[PDB]
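[1] Starting from these lines, generate the structure:
(chains A, B, C, D, E, F, G, H, I, J, K and L)
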Amino acid sequence: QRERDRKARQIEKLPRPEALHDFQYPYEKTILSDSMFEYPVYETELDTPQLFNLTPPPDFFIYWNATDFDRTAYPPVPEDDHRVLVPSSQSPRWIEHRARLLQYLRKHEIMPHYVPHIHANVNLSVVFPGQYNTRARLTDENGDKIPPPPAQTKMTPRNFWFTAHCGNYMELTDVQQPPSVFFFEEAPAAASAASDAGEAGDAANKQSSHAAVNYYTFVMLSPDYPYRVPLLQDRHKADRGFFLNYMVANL
Amino acid sequence: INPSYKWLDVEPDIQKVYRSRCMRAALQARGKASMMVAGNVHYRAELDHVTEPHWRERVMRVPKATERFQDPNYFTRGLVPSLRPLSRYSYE
Amino acid sequence: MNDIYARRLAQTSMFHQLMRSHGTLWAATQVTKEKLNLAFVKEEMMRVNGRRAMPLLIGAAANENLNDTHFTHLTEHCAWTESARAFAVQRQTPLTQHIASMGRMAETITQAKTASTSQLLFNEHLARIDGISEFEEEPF
Amino acid sequence: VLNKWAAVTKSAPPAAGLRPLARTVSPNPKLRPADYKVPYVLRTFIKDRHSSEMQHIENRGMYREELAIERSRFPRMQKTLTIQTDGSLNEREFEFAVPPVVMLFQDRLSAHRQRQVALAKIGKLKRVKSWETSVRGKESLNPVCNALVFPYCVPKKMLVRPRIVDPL
Amino acid sequence: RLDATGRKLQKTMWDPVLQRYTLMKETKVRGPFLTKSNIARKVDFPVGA
Amino acid sequence: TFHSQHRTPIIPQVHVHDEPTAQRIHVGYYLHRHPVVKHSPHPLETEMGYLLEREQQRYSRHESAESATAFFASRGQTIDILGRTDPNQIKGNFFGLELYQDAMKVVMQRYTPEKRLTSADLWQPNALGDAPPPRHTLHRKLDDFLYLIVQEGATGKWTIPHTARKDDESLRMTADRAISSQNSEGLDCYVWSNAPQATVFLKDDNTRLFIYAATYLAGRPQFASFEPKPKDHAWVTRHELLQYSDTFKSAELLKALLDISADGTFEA
Amino acid sequence: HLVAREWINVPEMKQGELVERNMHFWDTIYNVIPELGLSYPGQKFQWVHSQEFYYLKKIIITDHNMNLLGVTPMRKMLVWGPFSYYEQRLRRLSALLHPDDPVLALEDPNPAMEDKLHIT
Amino acid sequence: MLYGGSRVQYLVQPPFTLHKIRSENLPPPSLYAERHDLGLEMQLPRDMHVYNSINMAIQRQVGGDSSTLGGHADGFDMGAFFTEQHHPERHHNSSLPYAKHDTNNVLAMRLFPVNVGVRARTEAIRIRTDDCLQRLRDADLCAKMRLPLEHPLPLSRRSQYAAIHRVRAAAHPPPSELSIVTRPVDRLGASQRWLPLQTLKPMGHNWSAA
Amino acid sequence: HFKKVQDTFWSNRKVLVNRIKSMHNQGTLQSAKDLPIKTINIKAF
Amino acid sequence: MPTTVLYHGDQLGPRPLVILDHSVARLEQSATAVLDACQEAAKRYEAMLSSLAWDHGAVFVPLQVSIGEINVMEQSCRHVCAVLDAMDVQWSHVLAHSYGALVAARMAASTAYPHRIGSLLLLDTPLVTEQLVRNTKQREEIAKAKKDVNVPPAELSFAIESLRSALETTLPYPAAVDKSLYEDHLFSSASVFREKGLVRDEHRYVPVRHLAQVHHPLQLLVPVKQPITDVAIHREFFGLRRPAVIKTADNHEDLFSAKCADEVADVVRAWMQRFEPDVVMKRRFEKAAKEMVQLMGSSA
Amino acid sequence: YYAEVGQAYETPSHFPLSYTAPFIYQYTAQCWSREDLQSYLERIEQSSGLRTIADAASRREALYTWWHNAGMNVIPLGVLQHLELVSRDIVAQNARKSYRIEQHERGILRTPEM
Amino acid sequence: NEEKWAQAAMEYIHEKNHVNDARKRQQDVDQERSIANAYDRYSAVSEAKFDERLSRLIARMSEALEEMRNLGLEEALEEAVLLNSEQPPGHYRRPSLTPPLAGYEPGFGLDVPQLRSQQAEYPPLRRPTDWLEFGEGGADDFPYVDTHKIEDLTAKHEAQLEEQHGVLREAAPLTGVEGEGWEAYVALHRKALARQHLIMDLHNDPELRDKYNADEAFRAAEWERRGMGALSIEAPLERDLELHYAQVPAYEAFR
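    Numbers count the residues shown, from 1 in each chain, chains lettered A, B, ... in the order given. Below, you will see the structure:
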């Protein structure tokens, strides 16, 4: 009892030479996975987040030529483009696009502070006449001033990354021309089912703007006029308006 | 779990607590503050039990060595965000 | 191309080794009321044939006590006789089976070295490949 | 730590992005964890640390441009022809230095052709016959069930009967 | 401490002078650390014309 | 593997004891021959061989070491019984038994492996394009399975040797004697299951046939001793069984035969 | 960083006459770094890519390429756009360095003496 | 798998599934996170008055922990704390990696000749920085006055005519005012003589405190 | 570091079985479970 | 399914040679005059096969053109793979000289019929042309470059014009008859690619990416002199194996002469003797025979 | 503003919303007159489907969506996130009171200061 | 002299995560990638045409056992459903590359009495049923054990495999194909023992057997409480596809 338990405590003093399959799992070995090592793939690149949240090219050989300076590294076009959606209140894509847009505004200090009560109703898409130009210039070969591109007539993949989206980036060279404004609205209907009007709505002599909300006014103002100041600095310690870039009325 | 093992919390906002204390001690002066507050010293024993009624069982539960090391393939297939095999003890 | 022989020699046996096995499955899937179809037998056929062998140095790895039932020797097909690599999956290689026991001390070094020679591991191996092997009628 | 105002200050300390600090078990038997057992992994010392630290990760799940052959497990398998006792030429592979074609004795058929002629000694070679087995030794009891189908057994009122006895 | 190393110890340590990780060969702590023995024989590098 | 019977007992089948008023029931056995050689390697698969046997080589457990000995040699520690290190001469006299060397030097001069292609499978079109040719050779094709279809001397149509079920017998016992009686215990048969493999309800005789898959091992199938007064047999593959469909007895039975029929091919 | 190409036009004298030999510089790197060949599924995120030269972290290949679709962002550095929000963080760091600290190290054809291996 | 380990079909691994990020979920663009993400010489000690700074007894376990807050509440495990805190390494060193300490201009400790001894370097990275402070003040003083930049600003021009009081933002001069030439002596067109800012001597200090 | 931990296992093993052969000899009935590495079966020694 | 075949030998064996030729004709007409049509094609093979005494017998299958649009290829495969069922054979080595090649390359490429074609020997038929492959690899990059928007349209426009200004010719037809078909249905240059030059509906013959899949052991026969089907391109696509050359023949149609009928078979028989199991086995044991005896010679 | 202070909201969780106004105010004076809240904390009860303090704690999603598509011109969402911060407290405390009364029968018996 | 052989032998066991080949090039490592896909494109129709045949084999066997139940041969079922234990005899042959020879004796009559020995095999082959017959309480009718010795034998393994699978998840982890090939093989046993644990609970309880068989969403709920599920084989998207640029390998690309 006293020496057996001692021998039992000698067994615990005995060494334990136990060859292992490989190293002990938590402490020396480790488990790699695809989640640990993966390039950030934004599910939607509206905010053009690659240009801001830079991530090092993980690979060892980084191919950088000289010609990769011309290329305007805009994100790839996402299919099911928001600009062509219509802002009905039952459209499944729209509901997704309704919040994702209001998601992006809160991210960028806009929604609760600069524009307090955004009643996101219409699918605004301010296409800019764009050339994917790397800088303002003249035509190289032709020895000519570049003709200012015409007012955008249709939305298209090429005119995607030159719209006004949720915080995206545009090289100032492209915005130098007045912007084309495509907005679609759904909110006006003859009634809660467009029914029992009995040809009313027709009696409204401005059908495209028959309602008290259907002549729209597009105002563009730049909050950071001198330079982009932090919200938490400017939010409180100054009261100055915004730089009014543009304002069309009676759209 | 055991009132012998204490942490030191520093909560960074000094106004966040001062501007409540000056209320909590202005309300309880007018007799309008409730004594079941979480911060009450003698209530914490019961406070946890109003919200999490079986928290004894959530820390007493002994985990089988299977679930403590969730299938490493669930980590490569990405189901589990990241396997932590050593964080096994419930410090609550 | 010993596997592409094995694979094409399991299907002609998993065909038969299911003919003798559909009965005993039919009896069980009558009281559980599960559906006895391809979606059920395949799950059965994998738990009997496929048995990834663990590194044989863990002790619990060598102690696999579920793919040698009186059943798993009947519905098991002939996969691990046509290629030793299919054999090094189910069991370990004929030598690593020995050395590992000496590794986990289940047999002294001297018990390994002599009985783990290139010749014994040959005539012994071709016994499992044939199924002609000593038994212990009264296992202790 | 030395600040700017010290009587003596030092040059640039090394940015930790190069020559990193491996988080490995302290040699102190108090500062190593519990589950930690001394790593007696016997292994042929790989020299260059590019191929050394690689062992300490487990990347069999990571995507691979190659095909997912089960590697580094099957040692190295030398095929050699094995002429079975009836001349039926198979071909199997072994890891050690096996010669080319190996003559084979004591095959499957030879063992069966051995058990038969040895069962010919007791003369029971011919067969035991079921329809001719009007031997009807049995019994039916309630809480009994087959045992050979243990994973897929089923209990019921099952008839009991003895196995066949083969002298060998 | 015990003579696990018949070889004279060596380590890689930040050489604060160079500001570079360099070798550290062990040596008795008492003695001039830059004797006429620590002069390296001249060599023409694989650079230059 | 098809292991030997390690210790698994054999629970026999038994004469039933409660006469359930046996009805119109026959029991046939669908005899077939195990493949004699392996699946003829498709040339793609040989091009897969040079893939794996390359990859399974260049990713060996011990890469440079040519073998276990070649590894073990590099320490001077041998594996073989006699303690030889240079693995070239372990290949010369593998077994330390010089009689084996004698047993080899005769073989490597006299042995010539057999020919996989049976001349019975050099089929010639001038024979005829008629109803299926008499194919009696069990040596016909060693790659595929060879099933037994037999035609009665009654109506010429083909059938599986089938007999009725006596009262107290099971369906394995019936199928067991179903062959041994019709061959006078002159066959080595192996019925896989203890229950049928298929089932076909007839309207002509109202009869209910229970097919059984059995494997020919040895024994000359004496046909004129069969039950269904057969004209001649046929050892055909799972595939050309479609050829007898014109003369075959029951379209209800033909496909109910192809569906339990195995194959060494599975490309159908 | 090591900015180097795959093909380097290196002169050489054939039959006593100068002729251009397109040098395959790729084989120069892999001899220098035997780590790049021995690729295992974790190595592109490895800490030190080459335990010999722990200094080396990227090798900027600069080879003019004619394919339309350039290299994917896994192997190209983003060199366009406003890389920040609040201030181009160059003009901040452009305040701290001094007009008298190095920007070049031009190799020396004939060195003054054994020390001056390069001129800064 | 139903075949006994003979991996022959579907050998090619199917590429894994992508784990996307929702860029809207992210934190707002933060200026204070714009500055210190890069990594430089140092910030200030976080104290003009030593209060609130940081303790030297915890200056090792910092680096991105300016943001308010383990895998659990805490117990520190006495492992990876006391196993990473004083590694077998990180002892008997002399230069622990750059942690959060406002030591010498480490941005300029890298850019400087190792030739010079220490006590003559820390006195020369300052005379470099002392100029980088004047270059920065002049740009602030010249730009805020709309003046094109001038570097050795004359003390008469400095204190911009009583430090004009900044008339009471900052604006570039029009590009007519711009030009490469920036020394006043070169701007108008005093003696144009040129001399470096400081004398670098590859001499080593002969007083070591120890 | 490697060579010192590979050889020790061979002295650290011979310390175990030699001492456990005696700690079996002393009459201490030592089953396969109570001792450090369970997989040993002393009857094999 | 036609009944018309020319079995060359007296036997037919388990897995004989299934020789194909051009799409013989259309069975819109009776089977008797098209029998004569494929009876002259054999007169080019009746010679070559004689030297190659083939122990398995040898077949010849006729192929019809389609009454419609897509039934040109899918028919012929099911049409061929049926004549493999009416013969009780799978994995038959095949020869090919003409449109009878694409069909094998249409079966050996696509699924649902990859086990009928065991080998594939090309007599003179090019499967791909440098112009057709150097263009399709751009037709895949422009496909993205037409989609992605970073790309500069000066390079995009230049890459498209250089893709039509250097367009793809039809496959050079190694005969005279399907010169219709090779210019009628398979490569109707006004139909195979819409959006001229930019997208080519290669689902009729085979998408070139799938011609980058066929690892059925493939061989090309080539006359030493001026050939069709340049060797330089084919070795790039179908693996680095040199196509054995017919060092005697001048051009195509001279493979079948007496000058080559032996070696155009004495190199083809070497191909059949690469996959017949009994052949490779005898070279296998007799290898290990001559292997082992090297160990008995060194025993002293 | 509401939980860390620990006021004695004696409002049972089934009162109408208009009876959490005296609490919400004491933190939002200098923003809306007290009698102004009773114009916001009634239009919520009238327009939306929410009536009770328990509702505004169980339907924070259904409430906002009402406010977005119906309010948004009068009721400053400041009220709402204030209204949500009290309704998640009054409901909380009533759970802590109702429990405190339900142990006091089971025999736990703690004083006013607990 | 022995511990130096083992020191060289337990070197042979070690399995190391070793590098890709240095000689591999993106020009062949895709060719071998092109081959393997050209194979499962080939073997698919050879497998699709197999599992379709078991869809037919099983159809015949189920409908032949259920016909035996309508033909009134009830007790014939309970002797035909029985597991056929007789292994295919040694006479049963396994095919080889070449046929048997016409009258060949081993070495043409050069007979070695040694290599013809009867010898051993490493596995002792102890099985989960040896604790029943060849153990204490020697069951006289072994292959007909009492059910209660199964309600306990099965309850032994779920207390043993759950312990075997505890250590083998920390002491011998492994991921990838062999991983999901080990979990499946395990989860198929914790399921197979579960339906055994289920039939007994479905057997000795006379209540549940009715409401169990009463509806479907109950068993599919009861099966979900037993851990038994429906194992979903990963579907092969072998289609030639352009993988997203972020799914590229996690190592430096080949040469």
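
[2] quick one: the strands in the chain?
    Picking chain A for this. A:30-31, A:61-63, A:123-127, A:138-139, A:144-145, A:180-184, A:218-222, A:243-248 (DSSP state E).

[3] was after chain G, sorry
    Going by DSSP E, chain G shows strands at G:7-14, G:17-24, G:59-61, G:106-107, G:118-119.

[4] Could you do chain E as well?
    Using DSSP E, strands in chain E cover E:10-15, E:20-25.

[5] Dump the strands of chain A to JSON lines, plus distance to residue J:250 and mean neighbour count.
    For the C-beta atoms, the positions are set from N, CA and C on the backbone; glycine is no exception. JSON lines is the format used below for those (distance: least, Cβ to Cβ, whole Å; neighbours: other Cβ atoms under 10 Å in any protein chain shown):
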{"stretch": "strand A:30-31", "distance to residue J:250": "65", "mean neighbour count": "19"}
{"stretch": "strand A:61-63", "distance to residue J:250": "49", "mean neighbour count": "20"}
{"stretch": "strand A:123-127", "distance to residue J:250": "66", "mean neighbour count": "21"}
{"stretch": "strand A:138-139", "distance to residue J:250": "58", "mean neighbour count": "10"}
{"stretch": "strand A:144-145", "distance to residue J:250": "60", "mean neighbour count": "9"}
{"stretch": "strand A:180-184", "distance to residue J:250": "68", "mean neighbour count": "17"}
{"stretch": "strand A:218-222", "distance to residue J:250": "78", "mean neighbour count": "13"}
{"stretch": "strand A:243-248", "distance to residue J:250": "78", "mean neighbour count": "12"}
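
[6] So for residue G:21, which of these sits nearest?
    strand A:61-63 (23.4 Å; Cβ to Cβ).

[7] Now chain F against chain A: closest residue?
    residue F:61 (13.1 Å; Cβ to the nearest Cβ).

[8] From chain L, how far out is that residue?
    Look at residue F:61 and chain L: by Cβ to the nearest Cβ, to the nearest Å, they are 6 Å apart.

[9] Leaving out the residues flanking it, which one is nearest to that residue?
    Leaving aside its sequence neighbours, residue F:61 sits nearest to residue D:75 (Cβ to Cβ, 6 or more residues apart in numbering or on different chains; 4.1 Å).

[10] Go ahead and confirm that neighbour touches residue F:63.
    No - contact between residue D:75 and residue F:63 fails when scored by Cβ atoms under 8 Å: they sit 10.4 Å apart.

[11] Which single residue in chain B comes nearest to chain L?
    Closest to chain L within chain B is residue B:65: 3.2 Å, counting by Cβ to the nearest Cβ.

[12] residues touching that residue, list them.
    Taking Cβ atoms under 8 Å, 6 or more residues apart in numbering or on different chains, we find residue B:65 in contact with L:163, L:166-167, L:169-170.

[13] In which helix or strand does it reside?
    Counting by DSSP states H and E, there is no helix or strand that carries residue B:65.

[14] remind me, longest helix of chain K?
    helix K:77-106 (DSSP state H).

[15] for the strands of chain G, which one sits closest to residue D:135?
    Ranked by Cβ to Cβ, the member of these that lies closest to residue D:135 is strand G:59-61, at 84.6 Å.

[16] Who are the packing partners of that closest one?
    Contacting strand G:59-61 under the criterion 3 or more Cβ pairs under 8 Å, 6 or more residues apart in numbering or on different chains; DSSP states H and E are the following elements: strand A:61-63.

[17] now check the strand it packs on, is it near chain L?
    Yes - for strand A:61-63, a contact with chain L is found by Cβ under 8 Å from any Cβ of the partner chain, at residue A:61.

[18] mind listing the helices for the chain?
    Going with chain A. A:2-11, A:92-107, A:172-175, A:231-234.

[19] you looked at the wrong chain, it should be chain L
    L:3-9, L:31-70, L:74-80, L:148-157, L:161-170, L:176-204, L:208-212, L:219-225.

[20] Any chance of those helices in TSV with distance to residue G:10 as columns?
    Below are those laid out as TSV (distance: least, Cβ to Cβ, whole Å):
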stretch	distance to residue G:10
helix L:3-9	49
helix L:31-70	32
helix L:74-80	85
helix L:148-157	71
helix L:161-170	56
helix L:176-204	45
helix L:208-212	83
helix L:219-225	71
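
[21] Mind checking the ones you listed for the one nearest to residue A:18?
    Here helix L:161-170 is closest among those (Cβ to Cβ), at 12.6 Å.
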